[PDB]
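S.K.: Sharing an experimental structure here, sequence included.
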Amino acid sequence: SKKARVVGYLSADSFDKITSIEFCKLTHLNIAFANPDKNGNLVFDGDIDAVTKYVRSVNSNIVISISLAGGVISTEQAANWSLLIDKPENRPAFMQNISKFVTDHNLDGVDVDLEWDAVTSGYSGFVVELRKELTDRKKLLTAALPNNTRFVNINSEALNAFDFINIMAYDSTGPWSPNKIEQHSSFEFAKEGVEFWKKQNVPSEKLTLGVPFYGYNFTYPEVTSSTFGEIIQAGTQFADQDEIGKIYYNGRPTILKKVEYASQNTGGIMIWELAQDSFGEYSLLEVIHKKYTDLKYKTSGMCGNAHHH
């Protein structure tokens, strides 16, 4: 059947924007991010129960996961990760803590967003053990992975354990490469990422194509980020292009292209990050929703979608 996922990341710092986010257009919501403290306990700064209560009242079928780690972790958090998963004898208590967090907060799964250097030697054993805990409790286990790099510390059993993966098909350049002044999330980069993970023997259905609701401003040597919402505030005439001088993002036509491509080549679309959108008429989440509906794909089945599915 014509169906697709629409997986949205929501940062803790975005919680006061949830009344503007159309959760009826998502199938999955990832709350970002929880991280371990010095004691092996998962810390989340924010009223996650209030958020999930509200979200489930908007879309009672949404699948809500806690996302772990994330792109921005402190040296202390990264060291706690390494201490907890790189020594197999430290994993047991941490794993129980993760499972109890999922139960205590009535969540549907866990998303692993350990990135780059935080993908340490214990990653695969951690994933395999956590996978069993969650499978046995009928919960999801997913991961966000880089566009076109296979980390040595992600073995095949771990990679295949995930219910699906979220390809981070963006950040091809950024503030860490301030002289590569160009698009950070081109259509070609997205296609490269999908093809790459298929070459890793991940089936199409288990791929989710990430798209960015932000861009980078290379005007000065210090590169800054701009949300799509901020770009539209600068002018609605910018909604349908990808570049303003040295600012590079994804406008509506390019998001639309990526949705058309995803419909034929992956199991869905992933969004970083929901509260960066332009809420209302120019919304990129709306572009995704409308395009999947026009293609006759079921996503949420709400708010106009999947009428004749």
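M.R.: Structure received. Numbers count the residues shown, from 1 in each chain.

S.K.: roughly how far apart are the residue of the chain most remote from its centre and residue 83?
M.R.: Centroid-distance maximum for the chain: residue 89 at 29.9 Å, with Cα atoms, centre = their mean. Distance of residue 89 to residue 83, given as Cβ to Cβ, to the nearest Å: 11 Å. C-beta here means a position set from N, CA and C on the backbone, and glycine is covered the same way.

S.K.: quick one: contacts for residue 48?
M.R.: Remark: with contacts taken as Cβ atoms under 8 Å, 6 or more residues apart in numbering, residue 48 is in contact with 31, 66, 105.

S.K.: redo that, cut-off 10 Å
M.R.: Contact analysis of residue 48 by Cβ atoms under 10 Å, 6 or more residues apart in numbering lists 12, 15, 31, 34, 64, 66, 101, 104, 105, 106, 107.

S.K.: quick one, phi psi at residue 187?
M.R.: With angles defined as degrees, to the nearest 10, residue 187 sits at phi -60, psi -40.

S.K.: in terms of contact, does it touch residue 251 like I think?
M.R.: No. Using Cβ atoms under 10 Å, residue 187 is not in contact with residue 251, being 11.7 Å away.

S.K.: Stretch 62-78 spans what distance, first to last residue?
M.R.: End-to-end span of stretch 62-78 (Cα to Cα, to the nearest Å): 30 Å.

S.K.: Would you mark the buried spots in it?
M.R.: Across stretch 62-78, burial judged by 16 or more other Cβ atoms under 10 Å covers 62, 63, 64, 65, 66, 67, 68, 69, 70, 73, 77, 78.

S.K.: ok so, going back, what about residue 187 and residue 251, which has more around it?
M.R.: Higher neighbour count among residue 187 and residue 251: residue 251, with 21 against 17, using other Cβ atoms under 10 Å.

S.K.: how about the more buried one, what does it touch?
M.R.: Residue 251 makes contact with 215, 228, 231-232, 238-244, 282, 284, 287 under the criterion Cβ under 10 Å, 6+ apart.
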